[PDB]
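Single-letter residue listing:
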Amino acid sequence: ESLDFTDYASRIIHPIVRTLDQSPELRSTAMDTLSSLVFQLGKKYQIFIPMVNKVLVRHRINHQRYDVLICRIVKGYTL
Amino acid sequence: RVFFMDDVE
Amino acid sequence: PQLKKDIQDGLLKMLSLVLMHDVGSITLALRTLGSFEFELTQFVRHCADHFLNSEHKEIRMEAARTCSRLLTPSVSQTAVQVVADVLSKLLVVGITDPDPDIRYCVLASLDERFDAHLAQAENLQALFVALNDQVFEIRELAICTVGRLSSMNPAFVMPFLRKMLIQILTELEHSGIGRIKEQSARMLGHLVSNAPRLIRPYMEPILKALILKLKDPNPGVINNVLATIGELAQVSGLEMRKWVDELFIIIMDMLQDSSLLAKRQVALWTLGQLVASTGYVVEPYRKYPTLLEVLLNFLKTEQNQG
Amino acid sequence: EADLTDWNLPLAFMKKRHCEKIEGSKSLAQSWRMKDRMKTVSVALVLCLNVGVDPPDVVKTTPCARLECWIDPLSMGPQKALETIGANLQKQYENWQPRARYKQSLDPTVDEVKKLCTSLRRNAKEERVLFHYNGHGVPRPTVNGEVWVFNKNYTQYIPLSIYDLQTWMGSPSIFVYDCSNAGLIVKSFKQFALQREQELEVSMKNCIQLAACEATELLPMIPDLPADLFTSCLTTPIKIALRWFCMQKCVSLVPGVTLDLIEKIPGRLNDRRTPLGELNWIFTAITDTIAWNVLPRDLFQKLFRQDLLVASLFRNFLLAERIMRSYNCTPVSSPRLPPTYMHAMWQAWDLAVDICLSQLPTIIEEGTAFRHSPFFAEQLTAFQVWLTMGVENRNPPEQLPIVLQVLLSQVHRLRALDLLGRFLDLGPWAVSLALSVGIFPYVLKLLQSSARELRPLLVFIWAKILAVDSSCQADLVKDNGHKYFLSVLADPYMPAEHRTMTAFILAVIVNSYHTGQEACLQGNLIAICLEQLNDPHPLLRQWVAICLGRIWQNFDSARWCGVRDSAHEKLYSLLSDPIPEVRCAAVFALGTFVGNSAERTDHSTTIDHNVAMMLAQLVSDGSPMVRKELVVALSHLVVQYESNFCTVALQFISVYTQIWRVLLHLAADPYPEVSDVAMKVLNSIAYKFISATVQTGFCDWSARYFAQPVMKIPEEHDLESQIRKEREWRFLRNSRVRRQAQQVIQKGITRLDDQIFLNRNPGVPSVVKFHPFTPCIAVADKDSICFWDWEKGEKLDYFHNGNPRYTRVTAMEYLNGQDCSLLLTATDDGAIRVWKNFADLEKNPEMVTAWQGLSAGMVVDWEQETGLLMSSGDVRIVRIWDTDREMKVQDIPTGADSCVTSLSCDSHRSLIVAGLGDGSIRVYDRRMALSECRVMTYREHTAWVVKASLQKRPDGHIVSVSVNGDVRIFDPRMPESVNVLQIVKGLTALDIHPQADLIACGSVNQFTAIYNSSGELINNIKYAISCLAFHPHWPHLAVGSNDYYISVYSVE
């Protein structure tokens, strides 16, 4: 919320997907943190959308805020 | 204007 | 080469027949397609879908190698756009694919041949994201490529390289962890080698920080810092004549006796690069009378040819 | 090989006018225009500093913060400090907005503030007013929404409700707050505005607010920084940024830099060549860049472009946000700006500052020469790199405001103009972005500069601007830059391309805009264009003619000037110009000149008649678009003389009679669009309103050329393109077909009796032609044109020629047979038309061009290499239409009473052979003069010549066969026949093959005799066989009897 993470996008994203794959217990918390990181990054997150969507489909991950954020990003509409 | 433009003759 | 055209026509016909339509056969086909030269657009666009929709790690790796080798012929606006989107897919693969081996391999495959298209803003942003990768080797390669691109797009590279220099210097100065300082010093050496124009104004602070680290009470960190000062000696170009005396004192202090963890090979190399860069000759002999004795003793003691 | 022959073949009727439909490109909604320009007439500076007294709410530390507006209050006494700080703040604000009424309130009362706000509002009721508040010396604002001020004796802090404050103020105003809890002030202001909106049922967006900190946050108390931190950021961004830089750990990267050195920095904020000016310019460019990149376009235009003071305040507010973030303080603005502390451009700002100030020790002590920072050069280099491969509509480059900022100076102005023009060449979207970013006023100001090197870049940029947006003509006329463009056009040394672009700029300036029309009439434009009318450049001539026509569009003054300059007479030459585009431009000019007579003297009547007579001889024009412009010009003539034309029309139920006959010719035009327009124009005459006037889209279609990119390499040159690869593949197939046919011919000719297929057509097959390479055979019926296949055996398409019942399709041809082929359909009356997309799955019949010819049936003999087209028939003349120029080049007299039944020509030579109904077969050479064109005239037949074909070999043999069915083989170098044969007493049709000497003859008794030139018997196939054709390469023969049956034969 308060810092800039445009630099460490991979440094945080890759552990997140690995944690999602390796532990169903932390799926909710990891998805919330990832959604916050997406909201902070904005358009810079378009790189990781394919891989992350693949993981979500692989694990049926349906998060409302993450889904709406990705939809807004792909639409290009900003809020 | 909004910006000062110099050296225009 | 009686009929090389006929030979290549027959081979291309057979390759098209094979690729129009198990796992090991596809691996062999990809290796063959990437091995030697050929005469390839629809295949590239189709394999672009192929390595996306292939869960096999070996298949993805072979496809990545094949794409990189086949992209050697790199004016058509349509073809430039095709190569641009192919490169974009290649970069998103090299940033997002979990497999560190495949990420490093594709990033390495991004050679000097792709520099023109790599200098673009989006590709530079992807490289900026990639520079903060888990794999330290991938990090080093990313910083090397970015430093090499400091001349093509200075406006977008120089500020980011300055910020990464800031982070590397503070990491080296503050982090009291051997591995972290090893990676920081190695990063500094790569930045020196690849961005001399960026680091040249900051020669005084970088050298001062390296000196302060060198005076502190792990062999990887000390070897890396010695390599870094050697490269900085080349980069500065007579701009570090003030600090030659202290550099000589510390390098000879660690040069004498083998108890030091730092390697005499890198120590002698950086001493030679320092001498060549700053033109310090004869005067070191007069100031330090044991220098000749030490250097001649090394010929009787050391066994490594290097 | 045979590839070079295919490569060096002109593609007739394959150009922009033919492929692209003629019409104007629709103008997009240009919202770049500024809706309104507001001005900060007055500024109010309320300074509740309370010097010498600390507010009870905060217990400041012993050092605390003592710098307020860079003045230490305790040094010069309380009241003197208060007045001095007020004056200094007024000066700081005057640095950005000098022209404003500044009134300072120093520890004021409620009544004093009320009187000031009322007075300022009365002074500026409908304009923005700045209200600055500095509550450092008063307690923090209450949650109720009150601001503390002083009473008369300065013993108690009397609150002031924000509702009352905004009540005193109007709707248009901006407020700046510098206090610990300005967030509370902002929240209360918004809540009270919502309360006002609720009350209004039974001033939110207009008001602008800037705040120092969030409600919970407190102002920093670090001794190093000034207490008046937010105001210092908003007023002295460079000073505060340099000081903030000199405190960060980044200073360790440049030793020997200290606040004292920062204080003794040289240069002013105005002289950009100085260090301080350079830093200010870089800072402005970087903050503008961040604003444009982050904020949306609408908010960016509303904030950073509306007025100078608001734009500067927000540009400094971005720096305020970045600086205050490091001290746990979040500045607040009424329009919530997305955070900009993390934007990458701030790293460039730090790098530029570090580079610029690193020379300060030598500047101050040693006194070196200030070397200019490479920031702008590097950014322009990045913009160039983006342009190198930015063809796609990807993310816009981040350096557009940087280009705008560098345009102001002169050091990099030329390069900036070059790159900006290159960017505009990308397309209308790029030009729209350049307009939205705010380049229009500056590119307009560039016209005042007299530097001659700027002229080409300026005209290129402005041409793109006008091509996208045509409303710029008003601003161009107001700025009087049309004199700049006139001087550009009046320079012979200037390249023709830039002169053409200047002519286009003037044309769009004078497009249906009276003020520009009379301005250019005053501007000697008519004489200038006439001087630059005969330039060896088709594009220049076309646009000059278009501009000349547009100038006298409903302008009698321009018409009189053209009359004095004999502009009509000088433009008479362009009607014979080879280029149809230039001809169309000339016709448009003549028509517009005619259209605005406005009942002048008998001289005007005579000159109008002269122009009408000159335009009357362009009826026999190949280009239907030119003929459409002819219709438009004659419509101008009609509207000028409606009564006379009505009288002429009523006479039939000598000038207008000839014009009406011309209009009848245009009405009976093969082109459907031209015929429809002409018929509507003529129908308007009979029922005699203004709605009948129709304007063609030719002018806007030509204008679209500058909208399209020009600098980039054309697609055809591209070596790796799909289109080029497709053409190469077709050429490869053509070469293979030619080689295989050559092999078959060398192997000899065997008896041909195989029947590939037998189908029935709705109509009698009149004439059959085979496509040279693709397996498509064109069979023309009385009212339809069938396109069959001899491989798949299916019906592909069914066309309708559209010719009347009496007429008939006599001959056909396949233009550009090598690739991208067309179909030529020449009716017996004279109507010649071209068909495209005749045998394609995803495309329908398309008519490329059509034009009435001349005026047995009609005989055609296409010559692909030279591109010439000749039509012959009942007329005693053989015309030679040139497809490249669309004009008739030569009209050789036949010198025979009988109709020309057949015609043929030899490639690489002029050996036009024309059979005749009487029996004689004449030969004409066009190389010599017309009266000497006829070379030989031998007569050995008395019957209609069925087919006087000629062999493509150098030893051309004229195998002439008449209705008598007797074969005579003449030669172009001999006066007598070489071989004589008699085959069939009554012959109906015949066909020959150049490659294989097979003379295919018909018979009334269903016999199909296929003999040789020497007359040896080969085949007599047993079934009015009026159609036989041979494949140009394969030994294939198609035979069509009186019955509507079609067959294709092959030699095994």
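Residues numbered from 1 in each chain as written, not as in the entry; some residues may be left out. Chains lettered and ligands numbered in written order. Part of a larger assembly, values for the part shown. Heavy atoms only, no water. Residues with missing side-chain atoms left out of burial classes, pairs and counts.

Method of determination, as given in the entry header: cryo-EM; reported resolution: 3.68 Å.

Novice: Is there a simple way to think about helix α18 (residues 291–301) of chain C in this case?
Specialist: Because each turn of an α-helix spans 3.6 residues, side chains separated by three or four positions in sequence point in the same direction. Residue and element names in this part refer to chain C. Among the residues of α18, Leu291, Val294 and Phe298 are the ones counted as buried. The buried residues of α18 occupy an angular sector of 65° when the element is viewed end-on, so they sit on one face. For α18, exposure combined with an orientation more than 90 degrees from the buried face picks out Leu299 and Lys300. Next to the buried residues of α18 lie α15 (244–255), α16 (264–278) and α17 (283–287). (Buried < 20%, exposed > 50% of the residue type's maximum accessible area, 1.4 Å probe, protein only. Helix = DSSP H or I, 4+ residues; strand = E, 2+ residues; numbered from the N terminus. Arc of directions from axis to C-beta. Contact = heavy atoms within 4.5 Å.)

Novice: Can you walk me through the interface of chain D and chain A in this structure?
Specialist: Interface size is commonly expressed as the accessible area that is lost once the parts come together. With four residues of chain D at the interface, the matching set in chain A holds six residues. There are zero salt bridges connecting chain D and chain A. Taken together, the connections running from chain D to chain A amount to one residue pair in polar contact. Counted by class, the side of chain D that touches chain A contains two nonpolar, one polar and one charged residues. (Salt bridge = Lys/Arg side-chain N within 4 Å of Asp/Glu carboxyl O. Polar contact = N/O pair within 3.5 Å; in protein donor to acceptor, adjacent residues only side chain to side chain. Nonpolar A, V, L, I, M, F, W, Y, C, P; charged D, E, K, R; others polar.)

Novice: Would you take a moment to explain the sheet that holds strand β2 (residues 101–106) of chain D for this structure?
Specialist: As a general point, the strands of a sheet are linked pairwise by backbone hydrogen bonds and lie either parallel or antiparallel. All names here are of chain D. Taken in spatial order, the six strands line up as β2-β1-β3-β6-β7-β8 in an open sheet, and their pairing is mixed. Bordering the open sheet on either side are β2 and β8 (332–333), each of which pairs with just one other strand. Taken strand by strand, helix α3 (residues 78–96) contacts β1 (42–47), β2, β3 (129–134) and β6 (174–178), and its axis lies near 150° from that of β2. (Pairing = 2+ DSSP bridges. Axes fitted to C-alpha atoms, helices over the stretch in contact; angles between N-to-C directions.)

Novice: What is the right way to read unusual backbone geometry from this model?
Specialist: Most peptide bonds take the trans configuration, and most residues that are not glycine carry a negative phi. Residues and elements named next belong to chain D. With phi around 65°, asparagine 480 is a residue other than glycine that occupies positive phi space. Positionally, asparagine 480 belongs in the loop between α21 (472–479) and α22 (482–489). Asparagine 480 gets classed as partly exposed once you look at its relative accessible area, which sits at 44%. With phi around 60°, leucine 854 is a residue other than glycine that occupies positive phi space. With respect to the helices and strands, the residue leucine 854 is situated in the loop between β17 (846–852) and β18 (858–860). Among the residues examined, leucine 854 registers a relative accessible area of 11% and is labelled buried.

Novice: Just checking my understanding: could you explain the sheet that holds strand β32 (residues 1007–1012) of chain D for this structure?
Specialist: All names here are of chain D. The sheet built from four strands is open, its strands ordered β30-β31-β32-β33 with antiparallel pairing. Strands with a single pairing partner mark the edges of an open sheet, and in this sheet they are β30 (990–991) and β33 (1017–1022). Pairing between β32 and β33: five bridges, direction antiparallel. Residue pairing for β33: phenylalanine 1007 is matched across the bridge by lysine 1022.

Novice: I keep staring at the environment of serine 36 of chain A and nothing clicks. Help me out?
Specialist: Residues and elements named next belong to chain A. Considering the arrangement of structural elements, one finds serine 36 in helix α2 (residues 27–41). Note on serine 36: relative accessible area 31%, which makes it partly exposed. For the pair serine 36 and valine 57, spaced 21 residues apart in sequence, the C-alpha to C-alpha distance is 20 Å. Here the side chain of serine 36 touches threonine 33 through a polar contact of 2.5 Å, landing on its backbone oxygen.

Novice: Before we go on, may I ask you to explain the environment of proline 98 of chain D in this structure?
Specialist: By the element assignment, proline 98 of chain D lies in the loop between α3 and β2. Distance from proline 98 of chain D to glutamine 191 of chain D, taken between C-alpha atoms, is 34 Å for residues 93 residues apart in sequence.

Novice: What's the story with the arrangement of the chains in this structure? I'm lost.
Specialist: Sorting the four pairs of chains in contact by contact count puts chains C and D at the top. Considering only C-alpha positions, the minimal separation of the non-contacting chain A and chain B is 28 Å.

Novice: Help me understand the packing of helix α33 (residues 656–667) of chain D against helix α34 (residues 672–686) of chain D in this model?
Specialist: When two helices pack together, their arrangement is given by the angle between the helix axes and the distance between those axes. Residues and elements named next belong to chain D. Running from N to C, α33 and α34 point in directions that differ by 140°, and their axes come no closer than 7 Å. As summarised for this structure, α33 and α34 are arranged oblique, according to the angle between their axes. Where α33 abuts α34, its residues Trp660, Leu663, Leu664, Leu666 and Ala667 lie against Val674, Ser675, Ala678, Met679 and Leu682. For the contact of α33 with α34, the class distribution of residues is nine nonpolar, one polar and no charged. (Parallel < 35°, antiparallel > 145°, perpendicular 65-115°, else oblique.)

Novice: I would appreciate a short explanation of the interface of chain D and chain C in the present structure.
Specialist: Across the boundary between the two partners, chain D contributes 29 residues, which contact 28 residues of chain C. Contact between chain D and chain C buries roughly 2,500 Å² in total, counting both sides, with carbon and sulfur atoms accounting for 60%. Counting every contact that joins chain D to chain C gives six residue pairs in polar contact. With six residues, the top contributor of residues to the side of chain D that touches chain C is helix α15 (residues 375–388) of chain D. Of the residues assigned to the side of chain D that touches chain C, the class counts are twelve nonpolar, six polar and eleven charged. (Buried area = accessible area lost by both parts, 1.4 Å probe.)

Novice: For this particular structure, what's the right way to read the packing of aromatic side chains?
Specialist: Aromatic ring pairs are defined here through the distance separating the ring centres and the angle between the ring planes. Residue and element names in this part refer to chain D. Throughout the structure, instances matching the rule amount to 42 aromatic pairs over all chains. Aromatic side chains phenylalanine 230 and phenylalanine 317 sit 6.2 Å apart centroid to centroid with 80° between the ring planes, which places their arrangement in the edge-to-face category. With a gap of 87 residues between them, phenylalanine 230 in helix α7 (residues 229–235) and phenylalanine 317 in helix α12 (residues 308–325) connect regions that are remote in the sequence. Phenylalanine 230 sits in the buried class, given a relative accessible area of 0%. Looking at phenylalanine 317, the relative accessible area reads 1%, which means it is buried. Their ring planes at 85° and their centres at 4.8 Å tell us that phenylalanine 787 and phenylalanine 799 sit as a pair that is edge-to-face. Placement of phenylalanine 787 in strand β12 (residues 785–788) and of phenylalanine 799 in strand β13 (residues 795–799) is noted, with a sequence separation of twelve residues between them. You can call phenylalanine 799 buried: its relative accessible area is 6%. (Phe/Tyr/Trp six-rings, centres within 6.5 Å; stacked < 30°, edge-to-face > 60°.)

Novice: Please explain a nonpolar patch on the surface as it appears in this structure.
Specialist: Residue and element names in this part refer to chain C. Judged by side-chain polarity, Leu268, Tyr285, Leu292, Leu295, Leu296 and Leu299 come together as a nonpolar surface patch covering roughly 550 Å² of accessible area. The element contributing the most residues to the nonpolar patch is α18, with four residues. Relative to the assigned elements, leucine 296 resides in helix α18. (Patch = residues over 30% accessible without salt bridge, like charges linked within 9 Å, V, L, I, M, F, W, Y side chains within 5 Å. Areas by Shrake-Rupley, 256 points an atom, 1.4 Å probe, with all protein chains shown as cover.)

Novice: Whenever I open this one, the side chain of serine 68 of chain C confuses me. Can you help?
Specialist: Residues and elements named next belong to chain C. Along the chain, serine 68 turns up in helix α4 (residues 57–70). On the accessibility criterion, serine 68 (9% relative accessible area) is buried. At a separation of 2.6 Å, a polar atom in the side chain of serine 68 contacts the main-chain carbonyl oxygen of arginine 65.

Novice: Before we go on, may I ask you to explain the pattern of salt bridges in this structure?
Specialist: Side chains that differ in charge, positive against negative, can pair when their charged atoms come close. Residue and element names in this part refer to chain D. Summed over all chains, the structure comprises 45 salt bridges over all chains. With a shortest N-O distance of 2.5 Å, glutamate 642 and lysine 688 are connected by a salt bridge. Here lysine 792 ties to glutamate 791 by a salt bridge, and the two come within 3.5 Å at their closest N and O atoms. Salt bridges here are not isolated pairs; linked through shared partners, they connect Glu726, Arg727, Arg730 and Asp819.

Novice: Would you take a moment to explain the nonpolar core for this structure?
Specialist: Across soluble globular proteins, nonpolar side chains show a tendency to be buried alongside one another. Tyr45 of chain A together with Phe423, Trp462 and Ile465 of chain D are the most contacted members of the largest nonpolar core, which totals 349 residues. If one sorts the elements of this core by residue count, helix α10 (residues 154–174) of chain C sits on top with twelve residues. Sequence-distant contacts of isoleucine 465 of chain D, that is, excluding residues within four places in its chain, are made with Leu424, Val431, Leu435, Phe440 and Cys472 of chain D. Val129, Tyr133, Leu160 and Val186 of chain D belong to the second-largest nonpolar core, a separate cluster that totals 32 residues. (Core = buried A, V, L, I, M, F, W, Y, C linked by side-chain atoms within 4.5 Å.)

Novice: For this particular structure, what's the right way to read the pairing of β2 of chain D?
Specialist: Walk down a regular strand and you will see the side chains alternate between the two sheet faces. For β1 of chain D and β2 of chain D, the ladder comprises six bridges, and the chain directions are parallel. From the neighbouring strand, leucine 47 of chain D faces β2 of chain D, where its bridge partner is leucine 106 of chain D.

Novice: Please clarify how the pairing of strand β16 (residues 831–836) of chain D should be interpreted in this entry.
Specialist: Residues and elements named next belong to chain D. Within β16, six of the six residues are buried, which leaves it mostly tucked inside the rest of the structure. Taking every second residue as pointing to the same face, both faces of β16 are buried, with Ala831, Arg833 and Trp835 on one and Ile832, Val834 and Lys836 on the other. Where strand β15 (residues 823–827) hands over to β16, the hairpin turn is made up of three residues, of which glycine 830 adopts a positive phi near 140°. For β16 and β17, the ladder comprises five bridges, and the chain directions are antiparallel. Paired with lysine 836 across the strands is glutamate 846, a residue of β17.

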